[PDB]
Structures are given as C-alpha cells and as structure tokens.
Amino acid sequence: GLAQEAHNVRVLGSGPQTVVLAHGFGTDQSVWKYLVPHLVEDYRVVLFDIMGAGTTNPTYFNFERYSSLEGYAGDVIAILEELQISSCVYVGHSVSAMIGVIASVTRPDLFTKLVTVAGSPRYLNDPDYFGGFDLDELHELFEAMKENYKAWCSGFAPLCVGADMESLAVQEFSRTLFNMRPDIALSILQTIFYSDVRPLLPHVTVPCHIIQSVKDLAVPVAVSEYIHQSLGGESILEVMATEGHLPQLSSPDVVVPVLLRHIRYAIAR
C-alpha cells in the first residue's frame, strides 16, 4: 500500500481489538519497543512513522502539507482507511497526541479512545495560558539547529529525554534526531512549537486518557490539567512519578504498566 510503504506501517499481534501507536518528533515507532510485547497477545497493534522521521524518505517530504498539523491528522486517517480499520484505540506521543485529537474531531467514528503521552495544545505563553516557551527562546533553539545540527541534537536529546548523556534512550534519541534532514527537522519543529490546538479541544468527543511525566521539559503539568478541563468528552489525568518526554522508552518498568491500564480500561462514570 501507498501509505503503508511511506510510513513504514507494521501490523503486529492479533484479535478484533486494535491499538494504534503514534510517535512524536525526533523518534520513530521504535519508541514503543518496550510496550509492544505487552500488547501483541491481546491486540492488533498498528505501528507507523510520521512523515519526516529519519526512517522516511526525505526526498518525499511535502513542506506545505506538514506546515500544519492537519496534514499529519490526514495521514492518520489515510493509514487507517488503507488498512481498512474502522475503529481503534489511538495512543499519541508528544505531537502525535494533538494529531490524534485533530483526526478525532474530523472522524470521531475511527476512535473509541485517545491516550496521550506528553501532549500539548500550545507551547507558547500568553497572559492567560502558560505553555512553557517564549519566542526568543524558540528563536535561539531554531538558530542552533541551523548553525550546528549535530551539536544541537547532542544537547537536545538529554534535556528532552531528561537523563544523562549515556542513557540508552538519550543515545537512541540522539541518533534518530540526527537522521532527520536538518531542514525537515526545523520545519516540523516550527510547525509543532507554533501550533494552537486549544480551540479544538471542546469539540473532542472521544474519551481521552492524559498521561505525562511530572517533570517534562516540553509540557508543564498545568498544561495537562488544562487539557482535562477543556475537552468535550470524558477524560482522565494521570501524572506519572517519572521524568522525561519519552517516558515509555526511558522508564518502561513503570510507564508500560500505566499505558497498559489506560489502553485496557474505560473511564469510570
């Protein structure tokens, strides 16, 4: 299939229950490597890479399509229809959280449940909302990406994963970051940091399970609280006693059980 080839779609497990695992910026579907073995016995598991990941063809990259998160939401829908999947649980890491939120407002029929890991509808600050970042901070971040991409990746990965340089996850993430073509990495990260999905949250109807590390460089806990307060369907908040923006990769011993519970169980009342 077209989307299956372009997004490295892999379908594992078995059964009528389907779980889609969608990774965030700088990594790929390997971010789920410790969760997948605990799902395949009970679920059909759909893995894919978002366009622009270092595992995808950079000559392909459609800069206009991916200048807005709507392009990534369209990709999710196209993958499910190409796979003829009419219903799934969608687990979205970082940017893939809001991508699933957007896809669920366009096509609520495709999702029985959203599970977000370190999602945020807005990273910039305004007088009534603290996203965590201001404009000149972002400017200097983007200039570092342009000036020395390898040095940027090497400094960014430990801060993002929230661990020392020699952490396994830091080293994995350093490598997947540096496999992105620098102009594509910059374009995607600008699309992410300048997004605003806040107006869409009240229009969500799919129940959402909102997960993050208590200490996440990219997501203040107050943002997760804001998501819970703004969503138009049922939702539950579970802040984890972990540090890091890729907690399913760096702290799987405790984060995999959290994800399993929220994939498996419905919100009470």
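Counting begins at 1, following the sequence as shown.
Between 163 to 171 and 81 to 89, it is 81 to 89 that carries the larger average Cα temperature factor according to the deposited entry. On average the C-alpha atoms of 106 to 114 have higher B-factors than those of the other stretch, with 175 to 183 and 106 to 114 being the two compared. Of the candidates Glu238, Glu64, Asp28, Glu243, the one whose C-alpha carries the top B factor in the deposited record is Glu64. Taking the PDB entry at face value, the top CA B factor among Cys208, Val214, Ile50, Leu217 belongs to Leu217. Sort the chain's modelled residues by C-alpha temperature factor and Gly74 lands in the highest third, per the entry.
Among all modelled residues in its chain, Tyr194 ranks in the middle third by Cα B-factor. Placement of the Cα temperature factor of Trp32 within the chain: lowest third of the modelled residues, per the deposited record. Sort the chain's modelled residues by C-alpha temperature factor and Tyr149 lands in the middle third, per the entry. For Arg264, the recorded CA temperature factor ranks within the middle third of the chain's modelled residues.
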